[PDB]
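As a starting point, one isolated chain is supplied in structure tokens, in the form deposited in one PDB entry.
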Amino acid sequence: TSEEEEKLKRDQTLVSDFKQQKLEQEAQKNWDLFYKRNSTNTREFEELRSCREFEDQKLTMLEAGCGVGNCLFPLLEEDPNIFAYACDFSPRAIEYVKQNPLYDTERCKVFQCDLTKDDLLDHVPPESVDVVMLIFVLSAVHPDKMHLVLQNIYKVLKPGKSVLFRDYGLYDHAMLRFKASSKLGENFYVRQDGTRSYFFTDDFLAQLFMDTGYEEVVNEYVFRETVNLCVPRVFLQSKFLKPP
């Protein structure tokens, strides 16, 4: 190898770490910019009706990474005996959740929170929650910090109740198009809008949850289609239990 060949490889590491840190430093900005630049923004129901002891028993629920509430307001409208804590670290997204007319404070408490560093106990009482919902959120978090998210959620969960996980899986469509310029690491990619996407394997995700004290209930790939002309989709869909 040349002298410039050797130089270029140490340059690649250096620039790539610069890129990674900038992307991590601005995780919140890029998600906030995402919301400020757009507005065209069932397994869950089954498990809510599952842990109920009575028939119409009230349950309390934490939607971690609520966005503008696409997975929140439906669950509130179908089920009347459910209270949802909701957080997100994008202020603009929070405005949207507080701003649409379905928002009723007898049913829904939304707050800002960076799940990697802000204590959920600041706004969610300890071991108070029956279901936490991590839907397409963990994959936005740096793989090295994902366990922080799971540790944080742990404090909030009533023992014997569970996290409902769903996120991008191995060989999902986006992973199969990113130019290697956008690869940040193994299964870790950056989108054009600066937000990041991790593509989970069943084994890696299971290890994350067990390293932070959960037990595997369900951990399976699920496959779906999107219309263009059909696009194959791979999600990882799981359920992890906080032990009693």
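Quick note: we count residues from 1 along the sequence shown, nothing fancier. Whichever C-alpha set is largest while still superposing within 1.5 Å between the two forms counts as the rigid core. Only residues modelled in both forms are compared.
Here the subject shifts to the form deposited in another entry, a form of this protein not shown in this document.
Taking 2 Å as the criterion, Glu220 does not count as shifted between this form and the one not shown: its C-alpha moves by less than this amount when the rigid core is aligned. When two forms of a protein are overlaid on their rigid core, residues whose CA moves 2 Å or more are considered shifted, and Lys22 is not one of them between this form and the one not shown. Between the C-alpha atoms of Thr13 and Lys117, a gap widened by no less than 3 Å is obtained in the other entry, as opposed to the form on display. Panel note: the distance between the CA atoms of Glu26 and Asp11 is larger in the other entry than in this form, the difference being 3 Å or more.
Against the superposed rigid core, the consecutive-residue runs (3 or more long) showing CA movement of at least 2 Å between this form and the one not shown span 1-15, 38-41, 53-56.
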